[PDB]
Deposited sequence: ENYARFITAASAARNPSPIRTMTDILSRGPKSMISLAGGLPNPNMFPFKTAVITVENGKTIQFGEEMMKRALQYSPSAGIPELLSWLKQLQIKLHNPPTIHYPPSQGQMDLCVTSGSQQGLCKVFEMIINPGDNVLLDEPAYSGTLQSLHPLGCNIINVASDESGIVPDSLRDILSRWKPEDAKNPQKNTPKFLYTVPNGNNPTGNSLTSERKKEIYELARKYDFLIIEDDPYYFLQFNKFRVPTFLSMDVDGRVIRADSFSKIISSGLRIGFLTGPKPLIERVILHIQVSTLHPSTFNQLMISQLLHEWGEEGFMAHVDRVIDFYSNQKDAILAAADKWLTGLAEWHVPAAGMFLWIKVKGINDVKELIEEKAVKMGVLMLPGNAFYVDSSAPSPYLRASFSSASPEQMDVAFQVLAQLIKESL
């Protein structure tokens, strides 16, 4: 717990800038900006108002890690939900820290870039989010698939993958033990599957034994259909080995590009220093919109909002499941998603569905997404389809599945 062995020479080289009447600053005059006030309504909520001075702040440069009121609020959220062991540690031993990012993707991308040298080994479970595979591809790592099933990563397959390395080689710089394990523990995209609490503990003990980081990409954390959320990897992180990406895109707004990253201070500080020379900071304006909403909501309002969105997505899930039962019984296999917005469907008797969907189905005015995109080798044939239930009506799902069943029959 220095973290040096985890990171690249470029990342380690990064330095903070060498930076009443102030003539020392580089702020444009915000009085020159054309936008003067703003009012944003909130459904059954307090309107967000930027008066004259607040608008000038919204339209001006702000701190790289995020605005202070949003960072304190998010720190208290993390403490209440996850009580990470790491809040009481010194900085060097991995004290809990946070930064607002321009979506959770930015956080992840910056973390991957911080850590990966050409040839490094990284573990994850395929099928995996494609934006992650596309981020990892040009970095030259070996991606090693860990087996999974309806309950996520199978600790026993991780265990036997890891048995090719020696635990004592972890801190040897000339031995290529894995740098991290990446997973989406709730509502994995594309499969819909979630990790159980017993599996998490087992995986955490492995990460400690072989001494690698866990990158917990958890954008569907607040979209769990049975409304009991099991402990996160961050909540059990006695070692300071977890970096966690949370997203507001699925519950508050995707277009505002605001997410946040939580983890060991030294690693968060590397990410912040990279952000500082790229985007500089997240939109000051969008941070304030969100900070205002959250502060006025408090616990009462936030819980109520997330309950309503969970209730919406589980009605949708019940609908797509009804439609799959009606049309696809005996033609395909699927598990009930625990969270998220996707159903993952294995078509029986066909080796690759990409012919059938990317071509035949679209003539019929319907498309779902073939599973090839979610593998490291997307050229391999895949019998799977991802179907989203975020938007389609009960009626649209029915026709969509009616059409798919037709195609599967004709193809056979």
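Student: If I number the deposited sequence starting at 1, which residue ranges have no C-alpha coordinates at all?
Tutor: The deposited sequence has one unmodelled segment, at 20-32.
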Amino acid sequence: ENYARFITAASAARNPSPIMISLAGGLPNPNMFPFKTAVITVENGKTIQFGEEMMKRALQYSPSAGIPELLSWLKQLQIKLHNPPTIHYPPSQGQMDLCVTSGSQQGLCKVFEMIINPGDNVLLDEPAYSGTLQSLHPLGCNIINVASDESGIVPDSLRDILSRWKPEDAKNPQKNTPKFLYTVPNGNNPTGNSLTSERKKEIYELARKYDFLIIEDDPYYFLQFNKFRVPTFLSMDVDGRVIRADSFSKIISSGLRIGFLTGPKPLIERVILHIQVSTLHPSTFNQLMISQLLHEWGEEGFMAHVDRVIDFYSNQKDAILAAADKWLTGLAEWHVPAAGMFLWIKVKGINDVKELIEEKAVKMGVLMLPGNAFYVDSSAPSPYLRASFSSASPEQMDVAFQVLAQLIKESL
From here on, numbers count along this sequence of modelled residues.
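Student: Should the higher mean CA B-factor in the entry be assigned to 244-252 or to 307-315?
Tutor: Per the PDB record, 307-315.
Student: Please compare 153-161 with 215-223 and say which has the higher mean C-alpha temperature factor in the record.
Tutor: Per the deposited B-factors, the answer is 153-161.
Student: Checking the entry, which one of 367, 67, 59, 40 has the top C-alpha B factor?
Tutor: Max CA B-factor in the entry, restricted to 367, 67, 59, 40: 367.
Student: Can you tell me whether residue 125 has a C-alpha B-factor in the lowest, middle or highest third compared with the other modelled residues of the same chain?
Tutor: Middle third, going by the recorded CA B-factors of the chain.
Student: Considering only modelled residues of the same chain, in which third does the CA B-factor of residue 325 rank: lowest, middle or highest?
Tutor: According to the entry, residue 325 has a C-alpha B-factor in the chain's highest third.
Student: Considering only modelled residues of the same chain, in which third does the CA B-factor of residue 147 rank: lowest, middle or highest?
Tutor: CA B-factor rank for residue 147: middle third.
Student: By its CA B factor, does residue 204 count among the lowest, middle or highest third of the modelled residues in the chain?
Tutor: Lowest third - that is where residue 204 ends up once the chain's C-alpha B-factors are sorted.
Student: Once the chain's modelled residues are ordered by C-alpha B factor and cut into thirds, is residue 168 in the lowest, middle or highest one?
Tutor: Middle third of the chain for residue 168's C-alpha B-factor.
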